[PDB]
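So this first bit is one chain, no partners, the form solved without the DNA, shown in structure tokens.
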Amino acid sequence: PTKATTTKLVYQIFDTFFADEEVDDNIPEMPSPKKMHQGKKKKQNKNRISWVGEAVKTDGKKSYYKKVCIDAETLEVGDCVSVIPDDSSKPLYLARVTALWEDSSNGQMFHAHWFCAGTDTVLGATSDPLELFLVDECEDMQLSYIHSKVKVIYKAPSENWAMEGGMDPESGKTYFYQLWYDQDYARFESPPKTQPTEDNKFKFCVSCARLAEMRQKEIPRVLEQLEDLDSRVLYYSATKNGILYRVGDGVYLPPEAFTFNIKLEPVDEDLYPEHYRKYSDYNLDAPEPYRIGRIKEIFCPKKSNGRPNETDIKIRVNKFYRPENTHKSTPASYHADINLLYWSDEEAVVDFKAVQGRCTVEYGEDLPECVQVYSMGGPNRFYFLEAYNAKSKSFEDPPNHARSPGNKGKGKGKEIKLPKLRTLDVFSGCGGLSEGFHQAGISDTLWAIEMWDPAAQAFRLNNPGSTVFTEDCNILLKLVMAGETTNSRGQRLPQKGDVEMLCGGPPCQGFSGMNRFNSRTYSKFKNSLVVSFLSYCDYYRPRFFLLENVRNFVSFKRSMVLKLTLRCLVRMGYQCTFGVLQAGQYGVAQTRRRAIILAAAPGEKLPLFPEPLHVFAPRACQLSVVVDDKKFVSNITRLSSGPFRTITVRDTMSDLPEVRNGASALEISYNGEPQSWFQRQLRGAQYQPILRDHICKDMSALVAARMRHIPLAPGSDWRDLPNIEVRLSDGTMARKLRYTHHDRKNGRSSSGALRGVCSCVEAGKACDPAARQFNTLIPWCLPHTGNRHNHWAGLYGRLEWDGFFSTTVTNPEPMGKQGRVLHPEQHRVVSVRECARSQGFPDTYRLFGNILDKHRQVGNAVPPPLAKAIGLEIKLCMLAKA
């Protein structure tokens, strides 16, 4: 069982290399990477340089040739050359000759399209020393700089690439390349397809063409004008960043864009001896969601020579009110749909630069679809049914000029459905990832692998048309490579061509430390489930590949797990990338950062990362990754804002019936209506007589007493516990915590009472074992080790209705590390149903086993909303391949 089943490729990768959130980032941030080929370089002394043949084309000052000769060695366009760095530094600049020309103004010249050293990518020392990567980085250069003509080949994927999995590398040593490389986003992709015309055929450079495309795409320009006035010029449509804005379309704006006309004790230290540990706790909240406006006018002011200034494109818009923007304020958001708005006759002018994207905002009644069908049918959809008057603080029917001019619906007078990807989910759990993917509409998970039996059972329950294997993944892969059709119990094994999508979350246990690999830990990682998973990838060759893990995956063993993973994927010939996502930004109230590794086959398009749907606390939204002193971000363009309001605990579980500590009832009545959009989504439109798995752990009488003595005020934890004698449910007596020592750091109470519970406060490192205290309402162990663990903030803490879950764990313990588990009002730990709600699980999603089993199943699961977002991002790529 120790040795991991592997392919010769992967095994070689990890053999030829030979020689629990520690919150690796609160960041001394870096500008990062800094296009690399900037600066000077060493020129070469060449005795003879002459143009072979005659000029193929002559232009304004340049004269192009097909082939040149340097010191008796010929050199054509399309060849590759080596140039020497001015610094004594080792990297040897490599380029492709895209054009050769004589410029009487400047001299004998060529255009160098640079390669990137594999060791200068994210791969680092892991990279094949012979591997190069296409970049956008090119420059004109005098021929004299050329040191040598070097050979570079293109390792194109074979026409039989999808079956080359498991084949041995026997199938000399030169420079080669197979992938283009985005340096900011760390994206390895297939080489760009952009073709030359035949007029530039000789001088054609791909980097120049892509630079052209890009810089042309991102200059905002007005399109077709429709009215000229004395001070300004009006247009029907403007365009920016590839997206087109007509008059009447919806527009995203920063909260800074416009404003709405609406008018906007000492403690007893005897009774509360540990409250002082909160005074060091006395964090920016979640941002406002996008302002939403409707484009009324698109205009450019004249320069007052009488001609329009098109650098100064401006938009006049109608303001939309979110329910929380009205006089009813924040509580108006509780019941309302997240996409619900109100029309207003208020207007505002903003720069076209401030526009953060286009949205669809319709009047709900003119919709052919029902409102929710419309809401769930596309990415950026809002609707309104009424109009708000801030002056009268009232609501009325929308004006007629607000019902979009486009659909009258009379006449002239006088939906691409993709086949779902067959998906293999390794280390599936109860199947949250597969759930979200099923919701994306891209996958049918036909095979799953989970060693833990209850989770496997759950997956079976939620996916009856699939085959769940409980055997070790290694012996299964071994079975398949041995040409076996089935396992021992007769379950059909997946074969090459069956698996179209591979997804999973491999356990990192035992290499999960931050510091560098030794031979031991590397021996453990060498046979880890990560290598097994990558072996599954290499063998099956799916169109798409997802590896999800804890965030610190990108920082494990100083990012070597990540680097080796990426390197292996590249070796397979995959396009690949990595990133970090906060689940809270995608429709749940939780803080749950995940490391996401994406990969696509050569014939495919590499998926982007999902653009954040919901605003969220900035502290929980640090998505960037530092690898070998380079900062890597994802393609995500939304930093400070988002379309939708943040989801809260109130949104999550306010509709659930009040239960009590150790609630055992598996089937109970909801006893009410869904009170929120979120609840409406997770409960569905249809009546539900039975609510399942609303159940709580049964805490000891002591813990129950403590819990019921935690105040309801936001920010309450164990530090608000009164020190008092309590009569426990079992008849036991809870004695007051005695303070037997003077605490140096924390000093003395106003009363002059001692704050130490033990000798170890004097750094003497003794721990008088006779001084340990038991059965106290205020837990001795917390002031014991308080000073070293940030005063144990959050332990025995209550959730806030307006707040969010700390990362949903497998076994909520009030004294655990994640330990603010308590219900905002009732005295108990959160129920299984509530945790599932915090994970974005549909209430009809089935779990299995005893209560701890279900808690664990929920805890280890990927939040289905997140997986849904990623899944849609993949759906785009499925559509794009034509």
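Definition used throughout: the rigid core is the maximal C-alpha set that superposes within 1.5 Å between two forms. Residue positions are given as counts along the sequence shown, with the first one as 1.
**Q** Specify whether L782 falls into a modelling gap in a third or more of the other PDB entries of this protein.
**A** No: coordinates for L782 present in every compared entry.
**Q** Could you find out if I416 - modelled in this structure - is missing from at least a third of the other PDB entries compared that contain residues on either side?
**A** That residue is missing from at least a third of the other compared entries.
**Q** With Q216 and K217 adjacent in the shown sequence, let me know how many deposited residues between them lack coordinates: none, 1 to 3, 4 to 9, or 10 or more.
**A** Unmodelled stretch: none, continuous chain.
**Q** Between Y282 and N283, determine how many residues of the deposited chain lack coordinates; answer none if the chain runs continuously, otherwise 1 to 3, 4 to 9, or 10 or more.
**A** Unmodelled stretch: 4 to 9 residues.
**Q** For the C-alpha atoms alone, is the average B factor greater in 144-152 or in 252-260, going by the entry?
**A** Mean CA B-factor is higher for 144-152.
**Q** Which has the higher mean CA temperature factor in the PDB entry, 120-128 or 226-234?
**A** Taking the mean B-factor of the alpha carbons in each, 226-234 is higher.
**Q** For the listed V703, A771, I442, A663, which has the peak Cα B-factor recorded in the PDB entry?
**A** That would be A771, according to the entry.
**Q** Kindly indicate the residue among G78, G504, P618, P722 with the greatest C-alpha B-factor in the PDB record.
**A** Comparing C-alpha B-factors across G78, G504, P618, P722, the top value belongs to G78.
**Q** Could you look up the Cα B-factor of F578 in the entry and say which third of the chain it sits in: lowest, middle or highest?
**A** Its C-alpha B-factor, which the entry lists for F578, ranks in the lowest third among residues of this chain.
**Q** Would you mind ranking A882 by its C-alpha B-factor against the rest of the chain and naming the third, lowest, middle or highest?
**A** According to the entry, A882 has a C-alpha B-factor in the chain's highest third.
**Q** Once the chain's modelled residues are ordered by C-alpha B factor and cut into thirds, is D270 in the lowest, middle or highest one?
**A** Middle third - that is where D270 ends up once the chain's C-alpha B-factors are sorted.
**Q** Lowest, middle or highest third: which one holds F544 when the chain's residues are ordered by CA B-factor from the entry?
**A** Lowest third.
**Q** Select lowest, middle or highest to describe the third in which the CA B-factor of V862 falls within its chain in this entry.
**A** Lowest third of the chain for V862's C-alpha B-factor.
Quick note: we don't show the form solved in complex with the DNA, though the next part is all about it.
**Q** Would you kindly say which of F258, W780, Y175, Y334 lies with a heavy atom within 4.5 Å of the DNA in the bound PDB entry?
**A** For this set of options, the contacting one is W780.
**Q** Taking the DNA in the bound PDB entry as the reference, which of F517, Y540, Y245, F115 has a non-hydrogen atom within 4.5 Å?
**A** Of the candidates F517, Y540, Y245, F115, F517 is the one lying within 4.5 Å of the DNA in the bound PDB entry.
**Q** Every residue in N339, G715 and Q826 with a non-hydrogen atom within 4.5 Å of the DNA in the bound PDB entry?
**A** No: no residue has a heavy atom within 4.5 Å of the partner.
**Q** Does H789 reach the DNA in the bound PDB entry, with heavy atoms at most 4.5 Å apart?
**A** It does: once the DNA is placed as it appears in the bound PDB entry, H789 has a heavy atom within 4.5 Å of it.
**Q** Taking heavy atoms and a 4.5 Å cut-off, does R187 contact the DNA in the bound PDB entry?
**A** Judged by the heavy-atom cut-off of 4.5 Å, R187 is well away from the DNA in the bound PDB entry.
**Q** Wondering, does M815 line up within 4.5 Å of the DNA in the bound PDB entry on heavy atoms?
**A** Yes.
**Q** Answer yes if any heavy atom of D698 is within 4.5 Å of a heavy atom of the DNA in the bound PDB entry; otherwise answer no.
**A** Residue-level check for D698: yes, a contact with the DNA.
**Q** So if I measure heavy atom distances to the DNA in the bound PDB entry, which of the stretches 129-137, 288-296, 688-696, 803-811 falls within 4.5 Å?
**A** It is 803-811 that comes within 4.5 Å of the partner.
**Q** Listed by sequence position, which residues of 586-615 have a non-hydrogen atom within 4.5 angstroms of the DNA in the bound PDB entry?
**A** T591, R592, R593, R594 sit within 4.5 Å of the partner.
**Q** Which one of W101, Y245, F299, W792 is the only residue whose C-alpha moves by 2 Å or more between the shown form and the other one, after superposing on the core?
**A** The residue that shifts is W101.
**Q** Does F841 count as moved between the shown form and the other one, where moved means a C-alpha shift of 2 angstroms or more after fitting the rigid core?
**A** False for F841: its C-alpha shift is below 2 Å.
**Q** With both forms fitted on the core, check whether the Cα of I851 differs by 2 Å or more between the shown form and the other one.
**A** The answer is no, as the C-alpha of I851 shifts between the shown form and the other one by less than 2 Å after core alignment.
**Q** Compare the position of the CA of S63 between the shown form and the other one after a rigid core fit and state whether the shift reaches 2 Å.
**A** Yes, shifts by 2 Å or more.
**Q** Quick one: in the bound PDB entry, is the Cα gap between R520 and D120 smaller or bigger than here? Answer closer or farther; it shifts by 3 Å or more.
**A** Farther apart, which means the C-alphas of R520 and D120 are at least 3 Å more distant in the bound PDB entry.
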